[PDB]
Amino acid sequence: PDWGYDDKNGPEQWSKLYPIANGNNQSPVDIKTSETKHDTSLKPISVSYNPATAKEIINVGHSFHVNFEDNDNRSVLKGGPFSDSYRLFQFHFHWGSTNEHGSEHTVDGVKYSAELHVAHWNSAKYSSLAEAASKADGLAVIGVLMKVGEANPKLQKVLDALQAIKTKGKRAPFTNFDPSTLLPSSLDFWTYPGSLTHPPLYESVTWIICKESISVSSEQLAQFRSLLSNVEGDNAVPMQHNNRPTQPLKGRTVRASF
Ligand SMILES: Nc1cc(C(Cl)=C(Cl)Cl)c(S(N)(=O)=O)cc1S(N)(=O)=O
Ligand SMILES: [Zn+2]
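Residues numbered from 1 in each chain as written, not as in the entry; some residues may be left out. Chains lettered and ligands numbered in written order. Heavy atoms only, no water.

## What about the overall build of the protein chain?
To keep things clear, this is the line we draw: Helix and strand assignments come from DSSP, with helices taken as H or I runs of at least 4 residues and strands as E runs of at least 2, each series counted from the N terminus. This radius of gyration counts C-alpha atoms alone. The globule rule is 2.2 Å times how many residues there are, raised to the power 0.38. We call a residue buried when its accessible area falls under 20% of the maximum for its residue type, exposed when it is over 50%, and partly exposed in between, using a 1.4 Å probe and counting protein chains only. Residue contacts follow a heavy-atom distance rule, with two residues in contact if any of their heavy atoms lie within 4.5 Å. Using a 1.4 Å probe, the Shrake-Rupley method yields the accessible areas, and only the shown protein chains count as cover for residues. The charge count includes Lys and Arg as positive and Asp and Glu as negative, but it does not include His or the ends of the chains. Taken as the charge centre is NZ of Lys, CZ of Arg, CG of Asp or CD of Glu, depending on the residue.
When helices and strands are tallied, the protein chain shows 3 helices and 15 strands. Taking 18 Å as the expected radius of gyration for a compact globule of 258 residues, we find that the protein chain reaches 17 Å, a close match to that expectation. Projected onto its principal axes, the C-alpha positions of the protein chain cover 55 × 40 × 40 Å. Among the 258 residues that make up the protein chain, the fraction classed as buried is 50%. In the protein chain, of all internal contacts separated by at least 6 residues, the share reaching a separation of at least 24 is 71%. Carbon and sulfur atoms form 48% of the exposed surface of the protein chain, whose accessible area is close to 11500 Å². The positive charge centre, built from 25 side chains, and the negative charge centre, built from 27, are 3 Å apart in the protein chain.

Structure follows, in structure tokens:
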């Protein structure tokens, strides 16, 4: 695994292997609210997820992923800036080494403690995730800023599952879960054209960033950081952080739905 988040293989070094790191549509960004453009043409975000599409949780070494069956349109995102239906395939989190930072997106310079990514691919235009992932209109990702405070009970199934995937490569079934339960009450959002926030950093993402945060406790964040990046039997290496710094807007417009 050439890339990671440590001093030698981390975000400031990704450009050596992935020159798109220094591109014009890189994510995440700082959303400066004085510079957002309210767009009257934005429709409300519509999510409709079937809990039976939940499939598997996986320790991928730098993070963990919760994957969904994506063979049909049982679980879809519509509305907002999109004409096309986008098919749910994954959610995951980013976090930092301490409570002070850990989100990827920031709002008016303010860093949150963690961030939820709910990822979808354009099944109107493309035939698979692998095809869509490199296309400018291929991916739609909802970002939710997670503010340290009260324990969030909606995270329970996810946190309880981590003990079965402690080390790199471990995976387990993760079923009967609707991740719309993790979204805030308001789906008021910012949107901008951007990228995956880690390699391969493709500029394929329409970002949908929620205005409203969701909560997370200090102890729930500790559960994320207690996951191990090493394989079973090796020296324990906690997953301390996996958030990328904010990237230059390079003249992009962040639009507001509100
Ligand atoms: N950084 C990143 C990478 C991927 C991956 Cl691992 C692929 Cl192999 Cl496409 C994906 S995804 N949704 O897994 O295709 C999303 C992101 S993110 N953090 O939401 O921008
Ligand atoms: Zn992410």
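Right, picking up where we left off after that structure.
## Regarding the UniProt feature "active site" in the protein chain
Using the following cut-off: UniProt positions are given in the numbering used here, feature names are shortened, and annotations may be inferred rather than shown by experiment.
Annotation from UniProt places "active site" at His62. If you trace the backbone, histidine 62 turns up in the loop between β4 (54-59) and β5 (64-68). Among the residues examined, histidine 62 registers a relative accessible area of 18% and is labelled buried. Those residues in contact with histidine 62 that sit more than four places away from it in its chain are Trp3, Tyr5, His198, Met239 and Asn242.

## Points about the layout of surface pockets
Where we set the bar: Grid points spaced at 1 Å over the protein atoms alone were grouped into cavities, where a 1.4 Å probe fits but cannot get out, and pockets, open sets with protein on both sides within 12 Å along at least five of seven lines, with lining residues defined by an atom within 4 Å of a point. Grid points are joined across faces, edges and corners, and a volume is the space filled by probe spheres set on the points.
Empty space within the largest pocket amounts to approximately 430 Å³. Along the walls of the largest pocket sit 16 residues, with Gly4, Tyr5, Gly61, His62 and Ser229 positioned nearest its centre. Looking at the second largest pocket, its volume works out to about 340 Å³. If you trace the second largest pocket, you find 19 residues lining it, with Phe89, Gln90, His92, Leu196 and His198 closest to the centre.

## Points about the coordination of the zinc ion (ligand 2)
Applied cut-off: Coordinating N, O and S atoms are those within 2.8 Å of the metal (3.2 Å for Na, K and Ca), and as water is not part of the atoms, a site may appear to have fewer donors than expected. Metal sites are grouped by the angles between bound donors: all angles between 85 and 135 degrees with four donors is tetrahedral, opposite donors over 155 degrees apart with the others between 65 and 115 is square planar for four donors and octahedral for six, and any other pattern is irregular.
For the zinc ion (ligand 2), the full set of protein donor atoms is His92 (NE2), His94 (NE2) and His117 (ND1), and the range of their distances to it is 2.0 to 2.1 Å. What the 4 donor atoms of the zinc ion (ligand 2) show is an angle range of 94 to 117 degrees at the metal, which sorts the shape as tetrahedral. In primary sequence terms, the donor set of the zinc ion (ligand 2) follows H-x1-H-x22-H. The class for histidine 94 is buried, based on a relative accessible area of 2%.

## Some words on the site of ligand 1
Stated precisely, the cut-off is as follows: We call a residue near a molecule or strand when any one of its heavy atoms sits within 4 Å of it. Under the rule applied, a polar contact is a pair of N or O atoms within 3.5 Å (in protein, one hydrogen donor and one hydrogen acceptor; residues adjacent in sequence only if both atoms are side-chain atoms).
Surrounding ligand 1, one finds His65, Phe89, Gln90, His92, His94, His117, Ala119, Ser195, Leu196, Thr197, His198 and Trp207. Between ligand 1 and the protein, one listed contact pairs a nitrogen atom with a side-chain N or O atom of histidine 94 at 3.3 Å. Between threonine 197 and ligand 1, the recorded distance is 2.8 Å, taken from a side-chain N or O atom to a nitrogen atom. Notes on ligand 1: free accessible area 480 Å², of which the protein chains cover 84%.

## Considerations on the side chain of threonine 191
Topologically, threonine 191 is positioned in strand β12 (residues 189-194). By relative accessible area, which is 1% here, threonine 191 ends up buried. Within the local environment of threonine 191, its side chain forms a polar contact with the backbone oxygen of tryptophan 207, the two atoms lying 2.8 Å apart. In this structure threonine 191 touches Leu42, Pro81, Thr206, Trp207, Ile208, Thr253, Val254 and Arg255, once residues within four positions along its chain are discounted.

## A few points about the nonpolar core
Threshold: What makes a nonpolar core is a set of buried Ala, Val, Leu, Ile, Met, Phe, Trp, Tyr and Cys residues whose side-chain atoms join them at distances within 4.5 Å.
In terms of nonpolar packing, the biggest core is built from 42 residues, with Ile57, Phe64, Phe91, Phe93 and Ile142 touching the most fellow members. Setting aside residues no more than four positions away along its own chain, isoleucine 57 makes contact with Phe64, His65, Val66, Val158, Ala161, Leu162, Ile165, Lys170, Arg171, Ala172 and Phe174. Membership of the second largest hydrophobic core comes to 19 residues, among which are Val29, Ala119, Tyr126 and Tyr192.

## Some points on the pattern of salt bridges
Heads up, the condition is: The rule for a salt bridge is simple: a side-chain nitrogen of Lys or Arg has to be within 4 Å of a carboxyl oxygen of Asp or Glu.
This model, assessed by the stated rule, comprises 6 salt bridges. For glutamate 69, the salt bridge identified is with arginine 74, shortest N-O distance 2.8 Å. A relative accessible area of 27% places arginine 74 in the partly exposed class. Residue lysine 125 is joined to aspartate 137 by a salt bridge in which the shortest nitrogen-to-oxygen separation is 2.7 Å.

## As for the pairing of β5
Heads up, the rule is: Two strands qualify as a pair provided that DSSP identifies no fewer than 2 bridges between them.
The element β5 is largely enclosed, with a buried count of 5 among its 5 residues. Burial along β5 is two-sided: the face carrying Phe64, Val66 and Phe68 and the face carrying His65 and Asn67 are both buried. Summarising the sheet, β4 and β5 pair through 5 bridges and their orientation is antiparallel. What sits directly across from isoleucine 57, in β5, is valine 66. Hairpin geometry of β4 and β5 is characterised by an intervening segment of 4 residues between the two adjacent antiparallel strands and by a positive phi of about 90 degrees at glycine 61. In this sheet, strand β7 (residues 86-95) lies alongside β5 in antiparallel orientation, the contact comprising 3 bridges. From the neighbouring strand, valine 66 faces β7, where its bridge partner is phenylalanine 91.

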